[PDB]
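The chains referred to below are lettered A, B, ... by the order of the sequence lines, with proteins before strands, and numbering in each begins at 1. For the numbers below, each heavy atom of this structure counts, side chains included, while hydrogens, waters and symmetry mates do not.
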2 protein chains.
Amino acid sequence: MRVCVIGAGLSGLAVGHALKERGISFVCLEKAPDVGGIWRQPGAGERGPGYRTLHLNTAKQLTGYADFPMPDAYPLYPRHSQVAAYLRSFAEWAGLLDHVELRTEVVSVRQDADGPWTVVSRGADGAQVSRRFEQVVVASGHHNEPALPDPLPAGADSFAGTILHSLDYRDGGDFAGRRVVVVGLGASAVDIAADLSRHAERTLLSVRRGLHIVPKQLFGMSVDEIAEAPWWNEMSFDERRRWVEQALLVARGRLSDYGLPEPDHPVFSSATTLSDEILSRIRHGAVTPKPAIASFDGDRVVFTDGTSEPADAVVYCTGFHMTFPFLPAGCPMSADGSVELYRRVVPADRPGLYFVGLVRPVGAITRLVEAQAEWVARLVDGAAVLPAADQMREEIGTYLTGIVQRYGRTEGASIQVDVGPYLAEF
Amino acid sequence: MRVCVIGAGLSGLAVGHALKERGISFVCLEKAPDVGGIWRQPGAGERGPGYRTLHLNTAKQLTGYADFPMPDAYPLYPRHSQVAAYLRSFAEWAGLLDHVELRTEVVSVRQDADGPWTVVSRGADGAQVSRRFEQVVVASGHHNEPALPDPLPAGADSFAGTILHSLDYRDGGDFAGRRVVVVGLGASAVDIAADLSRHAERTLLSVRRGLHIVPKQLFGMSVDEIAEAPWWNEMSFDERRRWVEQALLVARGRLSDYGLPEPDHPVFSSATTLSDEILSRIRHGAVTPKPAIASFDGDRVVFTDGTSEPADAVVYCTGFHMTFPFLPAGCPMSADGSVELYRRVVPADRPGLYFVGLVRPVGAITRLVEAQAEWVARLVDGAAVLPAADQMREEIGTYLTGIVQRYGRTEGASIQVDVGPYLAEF
Ligand SMILES: Cc1cc2nc3c(=O)[nH]c(=O)nc-3n(C[C@H](O)[C@H](O)[C@H](O)COP(=O)(O)OP(=O)(O)OC[C@H]3O[C@@H](n4cnc5c(N)ncnc54)[C@H](O)[C@@H]3O)c2cc1C
Ligand SMILES: Cc1cc2nc3c(=O)[nH]c(=O)nc-3n(C[C@H](O)[C@H](O)[C@H](O)COP(=O)(O)OP(=O)(O)OC[C@H]3O[C@@H](n4cnc5c(N)ncnc54)[C@H](O)[C@@H]3O)c2cc1C
């Protein structure tokens with residue numbers, strides 16, 4: 001009754017836990033057949049952002065819930081199946097499942113004039129139910145819609161093979177003996193190339209804009225464990241950048257030596273890509289770096305340097321769009337596409353609505369959603385209060401100006417936070 | 001007529017090339033159906049030291065013959081199939097195949113009282129032929145016989161699964177869905193574990209004595225490219241050790257943090273194991289480090305720490321014995337098992353017999369066998385000469401004392417040379 005939680009992935013489970021601890025009644029609605037969010041999809045063969053070789057790139061003890069450690073037998077970087085199993089175990093332990101409605105997709109969420117929210121949901125039959133709830137917490141993730149390149153290169157319509165997005169990608173043994181191009185250089189791109197590199201006959205890695213590729217580990221420590229270290233926090237933002245630049249050079253040399261393009265920005269400016277594999281796969285000839293794709297010639301892909309390769313498939317690892325189809329007016333934004341949420345959570349003008357998990361930090365999101373969940377629970381039952389709308393808008397404007405100043409315009413920049421100072425105010 | 005070369009792998013092809021350039025007639029006898037030595041066996045499904053995932057761990061431009069570069073499209077670390085194809089291409093280019101007798105196994109080599117050598121060979125039929133040759137060059141490799149642990153752990157005879165050597169290992173998809181233990185920490189052990197780590201359900205890495213595990217690359221340079229660098233040769237043996245120890249720490253931390261045993265010797269003392277993969281496979285939980293195997297309990301392996309695991313297979317990656325079954329008195333040795341060859345090539349008491357490739361340097365053997373081949377060719381047609389037997393024995397005693405002093409006793413220590421000073425005298 002009191003709260004409808006949309007989604008039972010890592011974020012929504014944290015919200016359900018925080019609400020349950022305060023005696024706040026709630027129901028959690030999940031589209032999938034089980035809890036876990038993206039982490040259970042591979043393994044269920046379901047189409048989603050993950051893939052069968054996906055592991056954490058964050059340390060296990062900083063990715064698990066703080067009051068619910070993962071099994072001691074788990075490694076530092078558990079597999080997706082281990083994470084999914086861990087998340088379902090939490091739900092069981094926390095007593096959340098009697099509040100979870102599976103195979104229930106939220107279709108529409110509207111604010112009623114007297115305050116509560118009307119939520120329409122569709123069950124497994126396809127039936128539709130209309131319920132009213134006092135408040136709504138959105139935990140539906142932001143890796144929802146595939147983002148393919150604005151213009152697909154010329155000739156894509158007359159391509160003898162299959163063009164797909166990483167969402168459609170699952171294993172790679174599905175490309176055994178084939179020839180495949182991977183487009184991009186994010187986390188998905190390097191992992192998928194690496195996987196393809198052991199199944200396909202030829203794996204090409206088409207890159208246009210360079211990113212800094214970083215090993216998962218320096219000095220034996222994970223990069224996220226490094227940021228928590230006190231000596232690292234004692235260093236100045238340039239002593240850090242300096243420290244990393246030197247460590248990278250020693251650990252792997254220069255990016256250009258791998259046939260990759262050098263980024264136009266320093267290591268911490270922009271997104272780093274973590275991989276223990278991709279540079280080595282290039283040295284062994286199992287992945288061939290290329291520049292952008294210029295066109296499609298039947299069974300062949302032509303690149304902007306005049307070279308061409310036969311290709312049975314192209315896998316676009318170009319990311320996801322943040323979308324909220326059940327919100328008619330969408331997530332609050334500032335036209336520029338900049339998200340407008342107070343402390344990254346609260347809409348300034350929609351009382352009783354909250355967004356949890358819509359933050360992109362360095363490292364695991366778990367401590368962030370835990371603090372958001374706890375704060376939202378106290379907002380729900382009146383133990384915490386909000387500023388007036390103007391003052392909330394003041395914090396939003398200040399946060400955005402600091403973002404433009406830092407990452408200027410790009411995409412998704414307006415949910416970026418640094419885990420340290422953000423957690424500090426909770 | 002003049003020279004019989006035993007073996008048409010990398011070493012024997014180099015010998016044939018050096019002899020052909022001097023007009024020295026020769027025939028090269030090879031057991032296998034083609035040239036290439038170990039490098040063609042995977043790919044032909046043949047049992048041998050290699051495996052289907054085996055790549056060079058040496059740089060391509062320092063592993064190829066100096067007058068015959070590998071294709072420019074080859075990567076830094078070519079696959080075994082690329083190396084095998086490259087070696088056959090050399091043989092064709094160098095005009096060696098009309099001198100090569102394939103599917104011909106040498107059965108016996110005996111010195112006749114008047115000087116020449118009687119060689120008995122067996123062809124494809126199984127027929128035996130006896131031929132006399134003026135001189136014999138042995139290029140039969142030293143990775144011939146499997147070396148399994150002196151005592152297999154108790155209970156091996158009542159083991160529900162299969163115990164095999166790395167010689168018998170080929171791919172790993174042959175262990176799909178299974179549970180496997182790998183014994184050892186050499187090059188074969190880490191590569192095979194890494195491969196198993198993507199096929200098997202569980203891969204355990206049983207290690208007793210610790211070795212230093214080193215990435216194939218530091219500062220973007222291969223470790224063998226580093227040793228040739230002039231700044232590295234300008235450094236003192238401790239400035240080097242010091243330099244590496246620090247670089248390792250930055251590149252991967254400490255071995256003990258991976259659940260591996262720390263070696264009892266500094267990095268350059270003993271054999272280093274090169275791998276870009278094994279430490280990361282451990283962090284992802286895809287390889288589980290263990291100590292020695294204490295026993296076999298049906299379908300389970302018990303380790304010296306009291307733990308146990310179900311296991312369908314155990315792959316012993318414990319190396320190879322150096323053997324010469326066609327030499328009745330064997331390779332000349334000093335009883336201690338120490339090889340007794342002048343400049344690592346020449347027996348002191350057997351005129352007209354030579355051993356090429358029986359050296360273990362840091363990095364690729366190719367420049368060494370090239371210099372040995374050229375020198376042997378000049379020995380064969382009288383353009384170079386040898387010391388008296390006592391003086392040759394003097395060089396052998398000096399070399400051995402320096403070996404014991406350096407690597408003390410161990411196994412195979414008596415063919416170890418440092419590529420730099422060894423090439424320097426040719
Ligand atoms: C490829 C990839 C790799 C990542 N790797 C790491 C990593 O190594 N370490 C790390 O710390 N973080 C990682 N992350 C980020 C983070 O762990 C995930 O984004 C995390 O799963 C976020 O959880 P969530 O609950 O916010 O979102 P999700 O996992 O997306 O869960 C959202 C849930 O909402 C449900 N839902 C959506 N719409 C509806 C609807 N209309 N009705 C009902 N239910 C709905 C979905 O079915 C889903 O179950 C990764 C993210 C991606 C995409
Ligand atoms: C697993 C492994 C990995 C290696 N990786 C590298 C690497 O990455 N880089 C590098 O530089 N070096 C590497 N080496 C070392 C080196 O490249 C090989 O040892 C090299 O193949 C040596 O060539 P060879 O001709 O001396 O020996 P082999 O390759 O063993 O060739 C010997 C030949 O003699 C033949 N022969 C033997 N007995 C007879 C007989 N009675 N009659 C007829 N023919 C006979 C055999 O059939 C074989 O073809 C590796 C070695 C091993 C075992």
> Under 4.5 Å from any heavy atom of chain B, what part of A/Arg254 do you find: side chain, backbone, both or neither?
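For A/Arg254, neither part sits under 4.5 Å from chain B.
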> With a 4.5 angstrom heavy-atom cut-off, which part of A/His284 approaches chain B: side chain, backbone, both or neither?
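The answer is both parts of A/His284.
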> Sort A/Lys60 into side chain, backbone, both or neither according to what part of it lies under 4.5 angstrom from a heavy atom of chain B.
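A/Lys60 has no heavy atom closer than 4.5 Å to chain B.
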> So, B/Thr304 side chain and B/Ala294 main chain: donor-acceptor pair closer than 3.5 Å or not?
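Absent.
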> With B/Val190, which of B/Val287, B/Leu279, B/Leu274, B/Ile213 fulfils side chain to side chain contact (heavy atoms under 4.5 Å, CB included)?
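Result for side chain to side chain contact (heavy atoms under 4.5 Å, CB included) with B/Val190: B/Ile213.
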> Determine whether B/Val180 and B/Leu204 satisfy the following criterion, side-chain contact (heavy atoms from CB on, under 4.5 Å), listing intermediate values before the conclusion.
CA-CA 6 Å; B/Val180 181; B/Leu204 297 123; over 6 Å; no
> Strictly below 4.0 Å, N to O, side chains only: are A/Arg198 and A/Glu277 in salt-bridge contact?
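Looking at A/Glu277 together with A/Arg198, the answer is yes, because their closest N to O distance falls below 4.0 Å.
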> With distance as the sole criterion, is a donor-acceptor pair present between the side chains of A/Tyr169 and A/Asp195 under 3.5 Å?
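Yes, A/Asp195 and A/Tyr169 have a side-chain donor paired with an acceptor closer than 3.5 Å.
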> Salt bridge or not between A/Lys216 and A/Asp276? Use side-chain N to carboxylate O under 4.0 Å.
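Salt bridge: no.
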> Just checking heavy atoms, which of residues 224-232 of chain A are less than 4.5 Å from chain B?
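Those residues of residues 224-232 of chain A which would need a heavy atom under 4.5 Å from chain B do not exist here.
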> Heavy-atom pairs under 4.5 Å with chain A - which of B/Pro215, B/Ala286, B/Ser280, B/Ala73 has more of them than the others?
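Highest number of heavy-atom pairs under 4.5 Å: B/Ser280.
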> Could you walk me through whether A/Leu87 and A/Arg40 pass the side-chain contact (heavy atoms from CB on, under 4.5 Å) test, one step at a time?
CA-CA 9 Å; A/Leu87 290 178; A/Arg40 58 161 297 284; over 6 Å; no
> Between B/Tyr51 and B/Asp191, do the side chains contain an N or O donor and an N or O acceptor separated by less than 3.5 Å?
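Yes.
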> Which of the residues B/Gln82, B/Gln217, B/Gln246 is involved in the greatest number of heavy-atom pairs with chain A at under 4.5 angstrom?
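Result: the option with the highest number of such pairs is B/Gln217.
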> Is any NZ, NE, NH1 or NH2 atom of the basic residue among A/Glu309 and A/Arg202 found under 4.0 Å from an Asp or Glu carboxylate oxygen of the other?
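A salt bridge is present here (some side-chain N lies under 4.0 Å from a carboxylate O).
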> Counting heavy-atom pairs closer than 4.5 Å to chain A, which one of B/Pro78, B/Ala251, B/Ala247 comes out on top?
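Between B/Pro78, B/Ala251, B/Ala247, the count favours B/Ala251.
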> Answer with side chain, backbone, both or neither: which region of A/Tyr258 has an atom nearer than 4.5 Å to a non-hydrogen atom of chain B?
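Only the side chain of A/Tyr258 comes within 4.5 Å of chain B.
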